[PDB]
Amino acid sequence: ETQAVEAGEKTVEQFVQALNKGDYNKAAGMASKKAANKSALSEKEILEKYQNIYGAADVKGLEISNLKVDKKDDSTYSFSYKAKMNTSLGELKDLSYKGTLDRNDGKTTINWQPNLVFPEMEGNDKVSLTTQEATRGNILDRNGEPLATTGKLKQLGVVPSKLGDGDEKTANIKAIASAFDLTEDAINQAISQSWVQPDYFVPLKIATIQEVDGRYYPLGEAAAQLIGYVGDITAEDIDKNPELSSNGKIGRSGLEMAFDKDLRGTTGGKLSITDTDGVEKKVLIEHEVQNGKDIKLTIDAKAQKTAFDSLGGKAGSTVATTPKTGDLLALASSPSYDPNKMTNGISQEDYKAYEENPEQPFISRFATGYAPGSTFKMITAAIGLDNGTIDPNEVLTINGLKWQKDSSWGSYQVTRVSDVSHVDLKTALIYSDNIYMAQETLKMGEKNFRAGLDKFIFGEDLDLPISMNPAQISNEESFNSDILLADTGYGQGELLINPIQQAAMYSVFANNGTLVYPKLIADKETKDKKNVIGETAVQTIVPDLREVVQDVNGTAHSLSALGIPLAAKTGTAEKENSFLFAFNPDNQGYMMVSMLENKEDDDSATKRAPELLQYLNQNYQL
Ligand SMILES: *C(=O)[C@@H](NC(=O)/C(=N\O)c1nsc(N)n1)[C@@H]1NC(C(=O)O)=C(CC2=CCN([C@@H]3CCNC3)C2=O)CS1
Numbered sequence: 038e039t040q041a042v043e044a045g046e047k048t049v050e051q052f053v054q055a056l057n058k059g060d061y062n063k064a065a066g067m068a069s070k071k072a073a074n075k076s077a078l079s080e081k082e083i084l085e086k087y088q089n090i091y092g093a094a095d096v097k098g099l100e101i102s103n104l105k106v107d108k109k110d111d112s113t114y115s116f117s118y119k120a121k122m123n124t125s126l127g128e129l130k131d132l133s134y135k136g137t138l139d140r141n142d143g144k145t146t147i148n149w150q151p152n153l154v155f156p157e158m159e160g161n162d163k164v165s166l167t168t169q170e171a172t173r174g175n176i177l178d179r180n181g182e183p184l185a186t187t188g189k190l191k192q193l194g195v196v197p198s199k200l201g202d203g204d205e206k207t208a209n210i211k212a213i214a215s216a217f218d219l220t221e222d223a224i225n226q227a228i229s230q231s232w233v234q235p236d237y238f239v240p241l242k243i255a256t257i258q259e260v261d262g263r264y265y266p267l268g269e270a271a272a273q274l275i276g277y278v279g280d281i282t283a284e285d286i287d288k289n290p291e292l293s294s295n296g297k298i299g300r301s302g303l304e305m306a307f308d309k310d311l312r313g314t315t316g317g318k319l320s321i322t323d324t325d326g327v328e329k330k331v332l333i334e335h336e337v338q339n340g341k342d343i344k345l346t347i348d349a350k351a352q353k354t355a356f357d358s359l360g361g362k363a364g365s366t367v368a369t370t371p372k373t374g375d376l377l378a379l380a381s382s383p384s385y386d387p388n389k390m391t392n393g394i395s396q397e398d399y400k401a402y403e404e405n406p407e408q409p410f411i412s413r414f415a416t417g418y419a420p421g422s423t424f425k426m427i428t429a430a431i432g433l434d435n436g437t438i439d440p441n442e443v444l445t446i447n448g449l450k451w452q453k454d455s456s457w458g459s460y461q462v463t464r465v466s467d468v469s470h471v472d473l474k475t476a477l478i479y480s481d482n483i484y485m486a487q488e489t490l491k492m493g494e495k496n497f498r499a500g501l502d503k504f505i506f507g508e509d510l511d512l513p514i515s516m517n518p519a520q521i522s523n524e525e526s527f528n529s530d531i532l533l534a535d536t537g538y539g540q541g542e543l544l545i546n547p548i549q550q551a552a553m554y555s556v557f558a559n560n561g562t563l564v565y566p567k568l569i570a571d572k573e574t575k576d577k578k579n580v581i582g583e584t585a586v587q588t589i590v591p592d593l594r595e596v597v598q599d600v601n602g603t604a605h606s607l608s609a610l611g612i613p614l615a616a617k618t619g620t621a622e632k633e634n635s636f637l638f639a640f641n642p643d644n645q646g647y648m649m650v651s652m653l654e655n656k657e658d659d660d661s662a663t664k665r666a667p668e669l670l671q672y673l674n675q676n677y678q679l
């Protein structure tokens, strides 16, 4: 407790603090002159040491404790303290520093020595710092087949110096643009790029070829919206997260981005003290690299490749689930983009292409909310049946195509397409009679309609890694209209449900009225919501839904040619959308929901479903 002691106690601290602030020169100013019993190096020689070592290892957050300064002679005090510090590779704990001070004319300074960098350093000792980036994990389908993996790829390229001079170049460019099937002009824009030197290898496809490590998506565009793609890491990404290395790739969309942490692993590293020849003398930190985790999904890659191909590139979406457990067997969206071109290199043209396609390939339509249309009637009936409103056999008598409750609906008319004039429940679903449904809905009223709807999952967010707004009944918490109460009853109005949310609500017909939440991660436990509708309302509706197919006038009669047990409902909306709902009523092994955004003349979701239905029907039973 002496005013010379604490003068030295303060001179240590100002030295430590100067190193935290990274002011390696202020620190160097507190060094005794270079001498045999004082410092071991000059101010400049000291400055350089800390910049080399404390900088290259980014030493910061230096905390000392148990500081001691005791007198040894009138001009020399000995100090000692414990310390901990943060390095770019971890925390250094329980360091033991020791040294001496030089009092001379009321000026107290440090007799610097290498053992104030790290305790065990001596003489001409140095420091080494090595890092090892990890390998990105895989995304797998339910059967282990890979959906996103990192492997060696046969990169094709050329060398401007092994071509032709004049006609031998512009005719040889022809030959390699053929045996590989790529445009011939793009070989000229590439060869004449800025960075090209006539000796470098210039890449073309995913004439010499070299093996390159890259990120590969076997299914390409058939699963590009769900799985996503990955991009070069940019300086900005490191601002958002300085734990990233400049050399990896990063998930930018779809599941790659949703699970980037798990998939990307942790970097390994090693901080060592070496003699003057890089020979390791003490290891201070060693974190063995930990690679990225694999991720197993519910997807069935054949169902996905089939479901996407079935849309023939038209705007639309398909979604398949095993309804008794929630497994999502496929999440198709069309049109689409090449996720391999995006990740591993995409020409400036093929890229500008996707951006201006007005049907928007980058949209994950299976998460876009739509107005479901007539398919929804299978709910409305099930609610009406639950609360007594609907008599299956009560036969309404309905004339013409238009209708309204009374003249106070101005020009708002409920329209249908088939002038059936004796409609019971079964007949209503077989023909998709908006009117019958619009009526039996009003017979039920917002209170009893919402009483049933509210037993579903509107508003809720599902436990899935896909960004999607929840499904809504209306753009306000009440309808505030009869017309809307009606429009909503037959699948329009202010309804918004996306193909995954639809597939969840309709699961009630495969589970005696229990709703089963969708499942996308292979291991996660099934989650359900019991008694959403009555078992009896199911046994009433389903046999009517078979007849949407079998009956010669059924909206989906074309599917009876297949010879497979189907129960289903269709839809259409107005540009014209087209819908289909389908599942197996014998075994409940699968269920599908297919849309067609902006259909073509005489095209339909129902005309494209068979190939996917045959696969599902055979490979998913009990
Ligand atoms: C349910 O979605 C209903 N569709 C419509 O009424 C719509 N347009 O057709 C629609 N509602 S709102 C809005 N803006 N437009 C019924 N569903 C279907 C269907 O599922 O296919 C309809 C089409 C349709 C029923 C029977 N069809 C036979 C084809 C040849 N002749 C009849 C048929 O195309 C309309 S009613």
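Read left to right, the sequence shown gives residues 38 to 243, 255 to 622, 632 to 679 (PDB author numbering). All C-beta atoms in this analysis are idealised placements derived from N, C-alpha and C, irrespective of residue type, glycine included.
Would you kindly work out how many angstroms separate the C-alpha atoms of residue 661 and residue 655, rounded to a whole number?
-> For the purposes of this step, residue 661 is identified with residue 604 of the sequence shown, where counting begins at 1. For the purposes of this step, residue 655 is identified with residue 598 of the sequence shown, where counting begins at 1. So the alpha carbons of these two residues sit roughly 10 Å apart.
Start-end ranges of the beta strand (DSSP E) lying completely within the stretch 129–168, minimum 3 residues | Annotation: the stretch 129–168 contains the following complete segments of the beta strand (DSSP E) (minimum length 3 residues), in chain order: 144–147.
Residue range of the alpha helix (DSSP H) that residue 591 falls in?
-> Here residue 591 refers to the residue found at position 543 when the sequence shown is read from its first residue. It spans 583–598 - the alpha helix (DSSP H) in which residue 591 sits, taken as one unbroken run.
Please report the residue range of the beta strand (DSSP E) in which residue 192 lies.
-> Residue numbering aside, residue 192 sits at position 155 when the sequence shown is read from its first letter. From DSSP, the beta strand (DSSP E) with residue 192 extends over 183–195.
How about residue 580 and residue 561: do their beta carbons lie closer than 8 Å?
-> In the sequence shown, counting from the first residue as 1, residue 580 sits at position 532. In the sequence shown, counting from the first residue as 1, residue 561 sits at position 513. Residue 561 sits close to residue 580, with the two beta carbons spaced by under 8 Å.
Of the residues 336, 591 and 190, which one's Cα is nearest the Cα of residue 393?
-> The sequence position of residue 393 within the sequence shown is 345, counting from 1. Restricting attention to 336, 591 and 190, the CA atom closest to the CA of residue 393 is found in 190.
Residue 168 and residue 340 closer than 8 Å at C-beta = Along the sequence shown, one-based indexing puts residue 168 at 131. Along the sequence shown, one-based indexing puts residue 340 at 292. Here residue 168 is not near residue 340, since their CB atoms are 8 Å or more apart.
Please confirm whether residue 35 and residue 663 have their CB atoms less than 8 Å apart.
-> The chain is shown only over 38 to 679; residue 35 falls outside these bounds and no answer can be derived.
Cα separation between residue 222 and residue 210?
-> Taking the sequence shown and counting its residues from 1, one reaches residue 222 at position 185. Taking the sequence shown and counting its residues from 1, one reaches residue 210 at position 173. Computed Cα separation, rounded: 9 Å.
When burial is assigned at 16 or more other CB atoms within 10 Å of the CB, is residue 462 buried or exposed?
-> Against the sequence shown, residue 462 aligns to sequence position 414. Residue 462 is classed as buried because its beta carbon has at least 16 other beta carbons within 10 Å across all chains shown.
Separation of residue 373 from residue 572, as counted between CA atoms = Looking up residue 572 in the sequence shown gives position 524. Looking up residue 373 in the sequence shown gives position 325. Roughly 10 Å separates the two Cα atoms.
Flag this pair as yes or no: are the beta carbons of residue 146 and residue 48 separated by less than 8 Å?
-> Your numbering for residue 146 matches position 109 in the sequence shown. Your numbering for residue 48 matches position 11 in the sequence shown. Yes, the Cβ-Cβ distance between residue 146 and residue 48 is below 8 Å.
CB of residue 480 to nearest heavy atom of ligand 1: below 7 Å?
-> Your numbering for residue 480 matches position 432 in the sequence shown. Yes, ligand 1 has a heavy atom inside 7 Å of this Cβ.
Express the C-alpha separation of residue 161 and residue 321 in angstroms, rounding to a whole number.
-> Along the sequence shown, read from residue 1 onward, the residue named residue 321 stands at position 273. Along the sequence shown, read from residue 1 onward, the residue named residue 161 stands at position 124. A direct Cα-Cα distance of roughly 11 Å separates residue 321 from residue 161.
Residue 179 CB to nearest heavy atom of ligand 1 below 7 Å = Within the sequence shown, numbered from 1, the residue matching residue 179 stands at position 142. Not under cutoff, so the answer is no.
With distances taken Cα to Cα, identify the nearest neighbour of residue 254 among 234, 55, 106 and 218.
-> Absent from the coordinates is residue 254, which sits in the stretch where the chain moves from 243 straight to 255.
According to DSSP, residues forming a beta bridge with residue 637 = As a first step, residue 637 must be located in the sequence shown, where it is residue number 580. Beta bridge pairing from DSSP links residue 637 with 618 and 651.
First and last residue of the uninterrupted beta strand (DSSP E) at residue 45 = In the sequence shown, counting from the first residue as 1, residue 45 sits at position 8. Under the DSSP assignment, residue 45 falls outside any beta strand (DSSP E), being part of the alpha helix (DSSP H) whose first and last residues are 42–57.
From the DSSP output, read off the bridge partner residues of residue 335.
-> Numbered from its first residue, the sequence shown carries residue 335 at position 287. Paired residue(s): 317.
Would you call residue 265 buried or exposed, if buried means 16 or more other Cβ atoms sit within 10 Å of its Cβ?
-> Looking up residue 265 in the sequence shown gives position 217. A residue is called buried once 16 or more other Cβ atoms fall within 10 Å of its Cβ, and residue 265 is buried on that count.
Verify the contact flag: residue 594, CB atom, against every heavy atom of ligand 1, threshold strictly below 7 Å.
-> Translated into the one-based positions of the sequence shown, residue 594 becomes position 546. Not so, every heavy atom of ligand 1 lies at least 7 Å from the Cβ.
Regarding residue 391 and ligand 1, is the C-beta to nearest heavy atom distance less than 7 Å?
-> Numbered from its first residue, the sequence shown carries residue 391 at position 343. For residue 391, the shortest C-beta to heavy atom distance toward ligand 1 is 7 Å or greater.
Considering only residues of the same chain and omitting the five flanking positions on each side of residue 482, which have a CB-CB separation below 6 Å?
-> Stepping through the sequence shown from its first residue, residue 482 is reached at position 434. Same-chain partners within the cutoff: 462, 464 and 538.
Just reading off the beta strand (DSSP E) that residue 263 is part of, what are its end residues?
-> By 1-based counting over the sequence shown, the position of residue 263 is 215. Here the beta strand (DSSP E) through residue 263 covers 256–264.
Give the single residue among 117, 332, 90 and 76 whose Cα lies nearest to the Cα of residue 46.
-> Translated into the one-based positions of the sequence shown, residue 46 becomes position 9. Of the listed residues, the one whose Cα sits closest to residue 46 is 117.
Beta carbon of residue 593, beta carbon of residue 477: below 8 Å?
-> In the sequence shown, counting from the first residue as 1, residue 593 sits at position 545. In the sequence shown, counting from the first residue as 1, residue 477 sits at position 429. Yes. Within cutoff.
Rounded to whole angstroms, what's the CA-CA distance from residue 647 to residue 517? Just pull it up for me.
-> Translated into the one-based positions of the sequence shown, residue 647 becomes position 590. Translated into the one-based positions of the sequence shown, residue 517 becomes position 469. Going by C-alpha positions, residue 647 is about 25 Å away from residue 517.
Residues near residue 90 by beta carbon distance below 7 Å, same chain, minus five either side = For this step, residue 90 is matched to residue 53 along the sequence shown. Result list for residue 90: 154 and 164, in chain order.
Compare the beta carbon distance of residue 406 and residue 384 with 8 Å and say whether it is the shorter of the two.
-> In the sequence shown, counting from the first residue as 1, residue 406 sits at position 358. In the sequence shown, counting from the first residue as 1, residue 384 sits at position 336. Contact flag unset, no.
In terms of residues, what are the limits of the alpha helix (DSSP H) holding residue 629?
-> For residue 629, nothing is modelled; it lies in the interval where the chain passes from 622 to 632 with no residues in between.
Give the DSSP bridge partners of residue 229, in chain order.
-> To locate residue 229, count along the sequence shown from 1; it is residue 192. The partner list for residue 229 (beta bridge, DSSP) is empty, contrary to what the question assumes.
Just how far apart, CA to CA, sit residue 178 and residue 368?
-> The residue you call residue 178 lines up with position 141 of the sequence shown. The residue you call residue 368 lines up with position 320 of the sequence shown. Rounded to the nearest angstrom, the two C-alpha atoms are 14 Å apart.
Cβ of residue 603 within 7 Å of any heavy atom in ligand 1?
-> Counting from 1 along the sequence shown, the entry for residue 603 is found at position 555. Yes, the beta carbon of residue 603 sits closer than 7 Å to at least one heavy atom of ligand 1.
Determine, using beta carbons only, whether residue 295 and residue 159 come nearer to each other than 8 Å.
-> Reading the sequence shown from its first residue, position 247 is the one you call residue 295. Reading the sequence shown from its first residue, position 122 is the one you call residue 159. Not closer than 8 Å, so no.
Which partner residues of residue 123 appear in the DSSP bridge assignment?
-> The count along the sequence shown starts at 1 and reaches residue 123 at position 86. Under DSSP, residue 123 takes part in a beta bridge, and its partners are 97 and 128.
Can you say whether residue 434 is buried or exposed, counting buried as having 16 or more other CB atoms within 10 angstroms of its CB?
-> Translated into the one-based positions of the sequence shown, residue 434 becomes position 386. Counting the other CB atoms within 10 Å of its CB gives residue 434 a total of 16 or more, which places it among the buried residues.
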